[PDB]
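To be precise, the following lines are target12.pdb, and they hold PDB, C-alpha atoms.
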ATOM      1  CA  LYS A   1      -7.804 -61.437  18.121  1.00  0.00           C
ATOM      2  CA  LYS A   2      -7.758 -60.937  21.893  1.00  0.00           C
ATOM      3  CA  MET A   3     -11.556 -60.996  21.959  1.00  0.00           C
ATOM      4  CA  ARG A   4     -11.540 -64.518  20.523  1.00  0.00           C
ATOM      5  CA  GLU A   5      -8.639 -65.948  22.521  1.00  0.00           C
ATOM      6  CA  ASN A   6     -10.186 -64.808  25.827  1.00  0.00           C
ATOM      7  CA  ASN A   7     -13.400 -66.730  25.089  1.00  0.00           C
ATOM      8  CA  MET A   8     -15.271 -63.454  24.737  1.00  0.00           C
ATOM      9  CA  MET A   9     -16.825 -64.012  21.289  1.00  0.00           C
ATOM     10  CA  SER A  10     -19.846 -66.159  20.522  1.00  0.00           C
ATOM     11  CA  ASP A  11     -19.603 -69.201  18.264  1.00  0.00           C
ATOM     12  CA  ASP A  12     -22.236 -67.808  15.880  1.00  0.00           C
ATOM     13  CA  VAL A  13     -20.311 -64.990  14.180  1.00  0.00           C
ATOM     14  CA  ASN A  14     -18.834 -65.914  10.795  1.00  0.00           C
ATOM     15  CA  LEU A  15     -16.030 -63.560   9.825  1.00  0.00           C
ATOM     16  CA  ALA A  16     -16.225 -64.499   6.145  1.00  0.00           C
ATOM     17  CA  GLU A  17     -19.829 -63.324   6.030  1.00  0.00           C
ATOM     18  CA  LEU A  18     -18.895 -60.068   7.721  1.00  0.00           C
ATOM     19  CA  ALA A  19     -15.990 -59.518   5.333  1.00  0.00           C
ATOM     20  CA  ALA A  20     -18.469 -60.068   2.506  1.00  0.00           C
ATOM     21  CA  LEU A  21     -21.044 -57.627   3.907  1.00  0.00           C
ATOM     22  CA  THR A  22     -18.686 -54.669   4.398  1.00  0.00           C
ATOM     23  CA  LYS A  23     -18.122 -53.829   0.759  1.00  0.00           C
ATOM     24  CA  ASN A  24     -16.244 -50.518   0.637  1.00  0.00           C
ATOM     25  CA  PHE A  25     -15.041 -50.336   4.231  1.00  0.00           C
ATOM     26  CA  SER A  26     -11.507 -49.008   4.513  1.00  0.00           C
ATOM     27  CA  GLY A  27      -9.009 -50.112   7.155  1.00  0.00           C
ATOM     28  CA  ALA A  28     -10.001 -47.580   9.813  1.00  0.00           C
ATOM     29  CA  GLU A  29     -13.746 -48.352   9.881  1.00  0.00           C
ATOM     30  CA  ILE A  30     -13.586 -52.050  10.761  1.00  0.00           C
ATOM     31  CA  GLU A  31     -12.203 -50.878  14.097  1.00  0.00           C
ATOM     32  CA  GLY A  32     -15.208 -48.596  14.456  1.00  0.00           C
ATOM     33  CA  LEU A  33     -17.455 -51.555  13.713  1.00  0.00           C
ATOM     34  CA  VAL A  34     -15.815 -53.642  16.425  1.00  0.00           C
ATOM     35  CA  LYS A  35     -16.107 -50.798  18.909  1.00  0.00           C
ATOM     36  CA  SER A  36     -19.766 -50.273  18.082  1.00  0.00           C
ATOM     37  CA  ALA A  37     -20.547 -53.971  18.428  1.00  0.00           C
ATOM     38  CA  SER A  38     -18.815 -54.035  21.804  1.00  0.00           C
ATOM     39  CA  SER A  39     -20.752 -50.970  22.921  1.00  0.00           C
ATOM     40  CA  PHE A  40     -23.995 -52.658  21.913  1.00  0.00           C
ATOM     41  CA  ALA A  41     -23.074 -55.801  23.836  1.00  0.00           C
ATOM     42  CA  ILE A  42     -22.072 -53.781  26.892  1.00  0.00           C
ATOM     43  CA  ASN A  43     -25.183 -51.631  27.003  1.00  0.00           C
ATOM     44  CA  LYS A  44     -27.392 -54.647  27.758  1.00  0.00           C
ATOM     45  CA  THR A  45     -26.083 -54.824  31.350  1.00  0.00           C
ATOM     46  CA  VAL A  46     -25.178 -51.398  32.721  1.00  0.00           C
ATOM     47  CA  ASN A  47     -28.326 -49.770  31.315  1.00  0.00           C
ATOM     48  CA  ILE A  48     -26.796 -46.290  31.314  1.00  0.00           C
ATOM     49  CA  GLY A  49     -29.444 -43.702  32.117  1.00  0.00           C
ATOM     50  CA  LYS A  50     -32.412 -45.856  33.046  1.00  0.00           C
ATOM     51  CA  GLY A  51     -30.861 -47.149  36.251  1.00  0.00           C
ATOM     52  CA  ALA A  52     -27.469 -48.136  37.607  1.00  0.00           C
ATOM     53  CA  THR A  53     -26.472 -50.921  40.053  1.00  0.00           C
ATOM     54  CA  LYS A  54     -27.435 -53.609  37.513  1.00  0.00           C
ATOM     55  CA  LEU A  55     -23.696 -54.190  37.076  1.00  0.00           C
ATOM     56  CA  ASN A  56     -23.168 -57.418  39.009  1.00  0.00           C
ATOM     57  CA  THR A  57     -20.771 -60.325  38.727  1.00  0.00           C
ATOM     58  CA  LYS A  58     -23.313 -62.643  37.104  1.00  0.00           C
ATOM     59  CA  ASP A  59     -24.103 -60.283  34.248  1.00  0.00           C
ATOM     60  CA  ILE A  60     -20.467 -59.450  33.491  1.00  0.00           C
ATOM     61  CA  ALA A  61     -19.144 -62.979  34.003  1.00  0.00           C
ATOM     62  CA  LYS A  62     -20.676 -64.252  30.744  1.00  0.00           C
ATOM     63  CA  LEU A  63     -20.224 -61.370  28.320  1.00  0.00           C
ATOM     64  CA  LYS A  64     -20.260 -62.575  24.721  1.00  0.00           C
ATOM     65  CA  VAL A  65     -20.593 -60.551  21.526  1.00  0.00           C
ATOM     66  CA  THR A  66     -23.146 -62.331  19.342  1.00  0.00           C
ATOM     67  CA  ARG A  67     -23.897 -61.920  15.608  1.00  0.00           C
ATOM     68  CA  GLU A  68     -26.958 -59.711  16.103  1.00  0.00           C
ATOM     69  CA  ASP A  69     -24.707 -57.093  17.658  1.00  0.00           C
ATOM     70  CA  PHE A  70     -22.677 -56.751  14.454  1.00  0.00           C
ATOM     71  CA  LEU A  71     -25.786 -56.450  12.283  1.00  0.00           C
ATOM     72  CA  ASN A  72     -27.111 -53.754  14.599  1.00  0.00           C
ATOM     73  CA  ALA A  73     -23.715 -52.043  14.480  1.00  0.00           C
ATOM     74  CA  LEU A  74     -23.828 -52.014  10.661  1.00  0.00           C
ATOM     75  CA  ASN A  75     -26.476 -49.249  11.014  1.00  0.00           C
ATOM     76  CA  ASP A  76     -24.129 -46.837  12.849  1.00  0.00           C
ATOM     77  CA  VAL A  77     -20.876 -46.953  10.842  1.00  0.00           C
ATOM     78  CA  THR A  78     -21.310 -46.091   7.156  1.00  0.00           C
ATOM     79  CA  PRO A  79     -18.701 -45.979   4.358  1.00  0.00           C
ATOM     80  CA  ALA A  80     -17.447 -42.700   2.969  1.00  0.00           C
ATOM     81  CA  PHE A  81     -16.422 -43.921  -0.489  1.00  0.00           C
ATOM     82  CA  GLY A  82     -19.358 -46.286  -1.003  1.00  0.00           C
ATOM     83  CA  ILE A  83     -21.898 -43.466  -1.241  1.00  0.00           C
ATOM     84  CA  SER A  84     -22.949 -44.088  -4.866  1.00  0.00           C
ATOM     85  CA  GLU A  85     -23.939 -47.746  -4.675  1.00  0.00           C
ATOM     86  CA  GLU A  86     -26.716 -46.735  -2.288  1.00  0.00           C
ATOM     87  CA  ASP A  87     -28.174 -44.411  -4.899  1.00  0.00           C
ATOM     88  CA  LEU A  88     -28.127 -47.219  -7.459  1.00  0.00           C
ATOM     89  CA  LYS A  89     -29.866 -49.377  -4.862  1.00  0.00           C
ATOM     90  CA  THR A  90     -32.548 -46.711  -4.402  1.00  0.00           C
ATOM     91  CA  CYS A  91     -33.291 -46.476  -8.146  1.00  0.00           C
ATOM     92  CA  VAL A  92     -34.767 -50.005  -8.273  1.00  0.00           C
ATOM     93  CA  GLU A  93     -36.801 -49.427  -5.124  1.00  0.00           C
ATOM     94  CA  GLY A  94     -40.055 -50.005  -7.018  1.00  0.00           C
ATOM     95  CA  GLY A  95     -38.972 -53.596  -7.651  1.00  0.00           C
ATOM     96  CA  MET A  96     -38.496 -55.711 -10.755  1.00  0.00           C
ATOM     97  CA  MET A  97     -41.476 -57.589 -12.177  1.00  0.00           C
ATOM     98  CA  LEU A  98     -41.105 -59.865 -15.200  1.00  0.00           C
ATOM     99  CA  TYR A  99     -44.352 -59.033 -16.934  1.00  0.00           C
ATOM    100  CA  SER A 100     -43.028 -60.535 -20.175  1.00  0.00           C
ATOM    101  CA  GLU A 101     -40.045 -62.356 -21.672  1.00  0.00           C
ATOM    102  CA  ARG A 102     -38.270 -59.541 -23.513  1.00  0.00           C
ATOM    103  CA  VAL A 103     -37.139 -58.327 -20.086  1.00  0.00           C
ATOM    104  CA  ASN A 104     -35.396 -61.626 -19.428  1.00  0.00           C
ATOM    105  CA  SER A 105     -33.723 -61.484 -22.836  1.00  0.00           C
ATOM    106  CA  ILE A 106     -32.322 -58.006 -22.345  1.00  0.00           C
ATOM    107  CA  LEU A 107     -31.075 -58.933 -18.885  1.00  0.00           C
ATOM    108  CA  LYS A 108     -29.354 -62.001 -20.314  1.00  0.00           C
ATOM    109  CA  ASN A 109     -27.728 -59.857 -22.990  1.00  0.00           C
TER     110      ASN A 109
ATOM    111  CA  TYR B   1     -43.171 -48.953  58.897  1.00  0.00           C
ATOM    112  CA  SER B   2     -41.512 -50.823  56.017  1.00  0.00           C
ATOM    113  CA  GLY B   3     -43.681 -53.932  56.191  1.00  0.00           C
ATOM    114  CA  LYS B   4     -41.460 -56.227  54.100  1.00  0.00           C
ATOM    115  CA  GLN B   5     -38.208 -54.464  53.111  1.00  0.00           C
ATOM    116  CA  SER B   6     -36.402 -54.789  56.449  1.00  0.00           C
ATOM    117  CA  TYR B   7     -32.854 -55.741  55.352  1.00  0.00           C
ATOM    118  CA  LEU B   8     -30.067 -53.968  53.471  1.00  0.00           C
ATOM    119  CA  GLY B   9     -29.288 -55.464  50.079  1.00  0.00           C
ATOM    120  CA  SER B  10     -26.778 -53.019  48.571  1.00  0.00           C
ATOM    121  CA  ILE B  11     -25.235 -50.063  50.422  1.00  0.00           C
ATOM    122  CA  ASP B  12     -23.007 -47.400  48.844  1.00  0.00           C
ATOM    123  CA  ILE B  13     -20.550 -45.542  51.082  1.00  0.00           C
ATOM    124  CA  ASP B  14     -18.430 -42.522  50.147  1.00  0.00           C
ATOM    125  CA  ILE B  15     -15.163 -42.520  52.122  1.00  0.00           C
ATOM    126  CA  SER B  16     -13.254 -39.325  52.931  1.00  0.00           C
ATOM    127  CA  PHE B  17     -10.360 -38.277  55.131  1.00  0.00           C
ATOM    128  CA  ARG B  18     -11.537 -36.447  58.235  1.00  0.00           C
ATOM    129  CA  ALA B  19      -8.260 -34.488  58.283  1.00  0.00           C
ATOM    130  CA  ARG B  20      -6.696 -33.424  54.994  1.00  0.00           C
ATOM    131  CA  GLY B  21      -3.233 -33.568  56.544  1.00  0.00           C
ATOM    132  CA  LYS B  22      -3.639 -37.244  57.464  1.00  0.00           C
ATOM    133  CA  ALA B  23      -3.738 -38.532  53.877  1.00  0.00           C
ATOM    134  CA  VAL B  24      -2.081 -41.951  53.652  1.00  0.00           C
ATOM    135  CA  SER B  25      -1.134 -43.881  50.523  1.00  0.00           C
ATOM    136  CA  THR B  26      -1.968 -47.143  52.311  1.00  0.00           C
ATOM    137  CA  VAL B  27      -3.966 -49.640  50.277  1.00  0.00           C
ATOM    138  CA  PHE B  28      -7.360 -50.101  51.914  1.00  0.00           C
ATOM    139  CA  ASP B  29      -9.039 -53.473  51.534  1.00  0.00           C
ATOM    140  CA  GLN B  30     -12.760 -53.026  50.874  1.00  0.00           C
ATOM    141  CA  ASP B  31     -13.508 -56.477  52.276  1.00  0.00           C
ATOM    142  CA  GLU B  32     -11.793 -55.543  55.538  1.00  0.00           C
ATOM    143  CA  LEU B  33     -13.770 -52.301  55.650  1.00  0.00           C
ATOM    144  CA  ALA B  34     -17.030 -54.198  55.196  1.00  0.00           C
ATOM    145  CA  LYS B  35     -15.988 -56.771  57.796  1.00  0.00           C
ATOM    146  CA  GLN B  36     -15.227 -54.003  60.284  1.00  0.00           C
ATOM    147  CA  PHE B  37     -18.533 -52.337  59.460  1.00  0.00           C
ATOM    148  CA  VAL B  38     -20.489 -55.519  60.148  1.00  0.00           C
ATOM    149  CA  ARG B  39     -18.384 -56.422  63.189  1.00  0.00           C
ATOM    150  CA  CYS B  40     -18.723 -53.086  64.962  1.00  0.00           C
ATOM    151  CA  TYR B  41     -22.297 -52.175  63.966  1.00  0.00           C
ATOM    152  CA  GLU B  42     -24.757 -55.063  63.680  1.00  0.00           C
ATOM    153  CA  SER B  43     -28.553 -54.934  63.539  1.00  0.00           C
ATOM    154  CA  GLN B  44     -28.504 -51.139  63.279  1.00  0.00           C
ATOM    155  CA  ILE B  45     -30.841 -48.927  61.265  1.00  0.00           C
ATOM    156  CA  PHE B  46     -29.248 -46.611  58.710  1.00  0.00           C
ATOM    157  CA  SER B  47     -30.681 -44.128  56.204  1.00  0.00           C
ATOM    158  CA  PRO B  48     -29.271 -42.277  53.179  1.00  0.00           C
ATOM    159  CA  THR B  49     -27.061 -39.238  53.936  1.00  0.00           C
ATOM    160  CA  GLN B  50     -26.371 -40.546  57.463  1.00  0.00           C
ATOM    161  CA  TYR B  51     -22.782 -39.919  58.596  1.00  0.00           C
ATOM    162  CA  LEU B  52     -20.369 -42.097  60.581  1.00  0.00           C
ATOM    163  CA  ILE B  53     -16.814 -41.916  61.947  1.00  0.00           C
ATOM    164  CA  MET B  54     -14.741 -45.073  61.411  1.00  0.00           C
ATOM    165  CA  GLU B  55     -11.465 -45.967  63.129  1.00  0.00           C
ATOM    166  CA  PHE B  56      -9.611 -48.485  60.938  1.00  0.00           C
ATOM    167  CA  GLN B  57      -6.073 -49.385  62.040  1.00  0.00           C
ATOM    168  CA  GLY B  58      -5.879 -46.070  63.867  1.00  0.00           C
ATOM    169  CA  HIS B  59      -7.027 -44.053  60.841  1.00  0.00           C
ATOM    170  CA  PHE B  60     -10.156 -41.911  61.190  1.00  0.00           C
ATOM    171  CA  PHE B  61     -12.517 -41.662  58.220  1.00  0.00           C
ATOM    172  CA  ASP B  62     -15.835 -39.944  57.548  1.00  0.00           C
ATOM    173  CA  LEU B  63     -18.371 -42.262  55.892  1.00  0.00           C
ATOM    174  CA  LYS B  64     -21.550 -41.008  54.222  1.00  0.00           C
ATOM    175  CA  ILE B  65     -24.090 -43.557  52.992  1.00  0.00           C
ATOM    176  CA  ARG B  66     -24.853 -42.146  49.549  1.00  0.00           C
ATOM    177  CA  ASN B  67     -27.566 -44.659  48.716  1.00  0.00           C
ATOM    178  CA  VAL B  68     -29.349 -47.683  50.137  1.00  0.00           C
ATOM    179  CA  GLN B  69     -31.427 -50.533  48.731  1.00  0.00           C
ATOM    180  CA  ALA B  70     -34.020 -52.194  50.970  1.00  0.00           C
ATOM    181  CA  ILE B  71     -34.995 -55.826  50.276  1.00  0.00           C
ATOM    182  CA  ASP B  72     -37.230 -58.351  52.044  1.00  0.00           C
ATOM    183  CA  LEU B  73     -36.086 -61.799  53.167  1.00  0.00           C
ATOM    184  CA  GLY B  74     -36.759 -64.409  50.500  1.00  0.00           C
ATOM    185  CA  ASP B  75     -36.101 -62.144  47.501  1.00  0.00           C
ATOM    186  CA  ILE B  76     -33.637 -64.129  45.391  1.00  0.00           C
ATOM    187  CA  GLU B  77     -33.020 -61.174  43.042  1.00  0.00           C
ATOM    188  CA  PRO B  78     -32.696 -57.471  44.055  1.00  0.00           C
ATOM    189  CA  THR B  79     -35.489 -56.286  41.756  1.00  0.00           C
ATOM    190  CA  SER B  80     -36.247 -53.364  44.094  1.00  0.00           C
ATOM    191  CA  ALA B  81     -35.071 -50.014  42.757  1.00  0.00           C
ATOM    192  CA  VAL B  82     -32.173 -48.428  44.629  1.00  0.00           C
ATOM    193  CA  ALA B  83     -33.576 -45.465  46.548  1.00  0.00           C
ATOM    194  CA  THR B  84     -31.703 -42.249  47.331  1.00  0.00           C
ATOM    195  CA  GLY B  85     -34.593 -40.965  49.451  1.00  0.00           C
ATOM    196  CA  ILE B  86     -34.152 -40.779  53.208  1.00  0.00           C
ATOM    197  CA  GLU B  87     -37.471 -42.603  53.636  1.00  0.00           C
ATOM    198  CA  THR B  88     -35.888 -45.998  52.971  1.00  0.00           C
ATOM    199  CA  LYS B  89     -34.190 -47.697  55.920  1.00  0.00           C
ATOM    200  CA  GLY B  90     -32.950 -51.218  56.551  1.00  0.00           C
ATOM    201  CA  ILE B  91     -31.198 -53.589  58.935  1.00  0.00           C
ATOM    202  CA  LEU B  92     -27.572 -54.473  58.317  1.00  0.00           C
ATOM    203  CA  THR B  93     -26.760 -58.112  57.601  1.00  0.00           C
ATOM    204  CA  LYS B  94     -23.587 -60.141  57.157  1.00  0.00           C
ATOM    205  CA  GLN B  95     -24.259 -60.398  53.391  1.00  0.00           C
ATOM    206  CA  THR B  96     -25.026 -56.798  52.377  1.00  0.00           C
ATOM    207  CA  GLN B  97     -23.064 -55.760  49.287  1.00  0.00           C
ATOM    208  CA  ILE B  98     -20.997 -52.752  50.361  1.00  0.00           C
ATOM    209  CA  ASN B  99     -19.704 -50.555  47.534  1.00  0.00           C
ATOM    210  CA  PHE B 100     -17.114 -47.945  48.470  1.00  0.00           C
ATOM    211  CA  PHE B 101     -16.670 -44.752  46.442  1.00  0.00           C
ATOM    212  CA  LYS B 102     -14.260 -41.862  46.749  1.00  0.00           C
ATOM    213  CA  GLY B 103     -15.444 -38.972  48.844  1.00  0.00           C
ATOM    214  CA  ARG B 104     -16.056 -35.531  47.425  1.00  0.00           C
ATOM    215  CA  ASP B 105     -12.484 -34.656  48.450  1.00  0.00           C
ATOM    216  CA  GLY B 106     -11.148 -37.632  46.492  1.00  0.00           C
ATOM    217  CA  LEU B 107      -8.099 -38.326  48.676  1.00  0.00           C
ATOM    218  CA  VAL B 108      -8.757 -41.888  49.872  1.00  0.00           C
ATOM    219  CA  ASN B 109      -6.942 -44.512  47.786  1.00  0.00           C
TER     220      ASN B 109
END

Give the structure from this file in structure tokens form.
Amino acid sequence: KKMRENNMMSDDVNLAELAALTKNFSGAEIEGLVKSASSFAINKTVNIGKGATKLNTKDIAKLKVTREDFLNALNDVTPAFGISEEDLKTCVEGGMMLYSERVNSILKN
Amino acid sequence: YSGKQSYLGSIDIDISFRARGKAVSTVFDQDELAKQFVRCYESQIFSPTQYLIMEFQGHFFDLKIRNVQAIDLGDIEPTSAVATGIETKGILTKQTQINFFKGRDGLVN
């Protein structure tokens, strides 16, 4: 809320899409997602470890969390209850090929 | 000696109380400190770890230049890496970015 109303959020992010992507997230992990996205957006300026002094008014006067930051953040926070849909997703890793029509019929059934 | 980097781009100064018993809760303006620094010492050569005694409104402080960045005239961006080595030296200018940090004692507010 404050992020948006202080003109600190890009115009690209679509919250409906994000709400659709986070399937089994509970209430206490969306906060982690926001924190991780903010950390990603912040790390592009300070460059902690490689070299300091890059913090200057120009870089910090246009901070804006984009959509790519959230997608990157989706690789750090992981559900704790949605741990069995991943296994189902790994069982069809070889991919589906419709070598015939009986396959389509059974799927339709 | 330097060839091109003859001016001071960014200078970091650690500020400490010379006398521990003279600690004052007065609010020190960093802009005034920089203005006094430029006003009293102009076109001087300074190197990292060099010490100075500053008299500001009757208060005596020990200043240690923790790091220095040397830049050449005409460099729009400070792409030069900030050097902590005593080899680097520069000439003070009325535009050098002066960053003040707490001294190792950590008493100056």

_Taking the file as I've supplied it (selection: the PyMOL selection byres ((chain A) within 12 of (chain B))), which residues are included? Please answer as a list in words._
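On the file shown, the PyMOL selection byres ((chain A) within 12 of (chain B)) covers residues 50, 51, 52, 53, 54, 55, 56, 57 and 58 of chain A.
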
Which residues come within 9 Å of range 59-70 of chain B, counting all atoms listed in the file, excluding same-chain residues fewer than 2 positions away, as a PDB file with C-alpha atoms, in the frame of the given file?
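Printed below is selection.pdb as written:
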ATOM      1  CA  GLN B   5     -38.208 -54.464  53.111  1.00  0.00           C
ATOM      2  CA  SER B   6     -36.402 -54.789  56.449  1.00  0.00           C
ATOM      3  CA  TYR B   7     -32.854 -55.741  55.352  1.00  0.00           C
ATOM      4  CA  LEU B   8     -30.067 -53.968  53.471  1.00  0.00           C
ATOM      5  CA  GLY B   9     -29.288 -55.464  50.079  1.00  0.00           C
ATOM      6  CA  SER B  10     -26.778 -53.019  48.571  1.00  0.00           C
ATOM      7  CA  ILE B  11     -25.235 -50.063  50.422  1.00  0.00           C
ATOM      8  CA  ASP B  12     -23.007 -47.400  48.844  1.00  0.00           C
ATOM      9  CA  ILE B  13     -20.550 -45.542  51.082  1.00  0.00           C
ATOM     10  CA  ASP B  14     -18.430 -42.522  50.147  1.00  0.00           C
ATOM     11  CA  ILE B  15     -15.163 -42.520  52.122  1.00  0.00           C
ATOM     12  CA  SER B  16     -13.254 -39.325  52.931  1.00  0.00           C
ATOM     13  CA  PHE B  17     -10.360 -38.277  55.131  1.00  0.00           C
ATOM     14  CA  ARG B  18     -11.537 -36.447  58.235  1.00  0.00           C
ATOM     15  CA  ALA B  19      -8.260 -34.488  58.283  1.00  0.00           C
ATOM     16  CA  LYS B  22      -3.639 -37.244  57.464  1.00  0.00           C
ATOM     17  CA  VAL B  24      -2.081 -41.951  53.652  1.00  0.00           C
ATOM     18  CA  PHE B  46     -29.248 -46.611  58.710  1.00  0.00           C
ATOM     19  CA  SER B  47     -30.681 -44.128  56.204  1.00  0.00           C
ATOM     20  CA  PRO B  48     -29.271 -42.277  53.179  1.00  0.00           C
ATOM     21  CA  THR B  49     -27.061 -39.238  53.936  1.00  0.00           C
ATOM     22  CA  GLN B  50     -26.371 -40.546  57.463  1.00  0.00           C
ATOM     23  CA  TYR B  51     -22.782 -39.919  58.596  1.00  0.00           C
ATOM     24  CA  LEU B  52     -20.369 -42.097  60.581  1.00  0.00           C
ATOM     25  CA  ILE B  53     -16.814 -41.916  61.947  1.00  0.00           C
ATOM     26  CA  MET B  54     -14.741 -45.073  61.411  1.00  0.00           C
ATOM     27  CA  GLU B  55     -11.465 -45.967  63.129  1.00  0.00           C
ATOM     28  CA  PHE B  56      -9.611 -48.485  60.938  1.00  0.00           C
ATOM     29  CA  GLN B  57      -6.073 -49.385  62.040  1.00  0.00           C
ATOM     30  CA  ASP B  72     -37.230 -58.351  52.044  1.00  0.00           C
ATOM     31  CA  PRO B  78     -32.696 -57.471  44.055  1.00  0.00           C
ATOM     32  CA  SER B  80     -36.247 -53.364  44.094  1.00  0.00           C
ATOM     33  CA  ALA B  81     -35.071 -50.014  42.757  1.00  0.00           C
ATOM     34  CA  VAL B  82     -32.173 -48.428  44.629  1.00  0.00           C
ATOM     35  CA  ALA B  83     -33.576 -45.465  46.548  1.00  0.00           C
ATOM     36  CA  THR B  84     -31.703 -42.249  47.331  1.00  0.00           C
ATOM     37  CA  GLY B  85     -34.593 -40.965  49.451  1.00  0.00           C
ATOM     38  CA  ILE B  86     -34.152 -40.779  53.208  1.00  0.00           C
ATOM     39  CA  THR B  88     -35.888 -45.998  52.971  1.00  0.00           C
ATOM     40  CA  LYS B  89     -34.190 -47.697  55.920  1.00  0.00           C
ATOM     41  CA  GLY B  90     -32.950 -51.218  56.551  1.00  0.00           C
ATOM     42  CA  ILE B  91     -31.198 -53.589  58.935  1.00  0.00           C
ATOM     43  CA  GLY B 103     -15.444 -38.972  48.844  1.00  0.00           C
TER      44      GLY B 103
END

*List, as a PyMOL selection string, every residue that the PyMOL selection byres ((chain B and resi 107) around 7) selects in the file provided.*
chain B and resi 16-17+23+105-106+108-109

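Once the PyMOL selection byres ((chain B and resi 42) around 12) is applied to the depicted file, the selected set reads residues 7, 8, 34, 35, 36, 37, 38, 39, 40, 41, 43, 44, 45, 46, 90, 91, 92, 93, 94, 95 and 96 of chain B.
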
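Between residue 7 in chain A and the residues A:37, A:63, A:91, A:30, the shortest atom-to-atom distance, using only C-alpha atoms, involves A:63.
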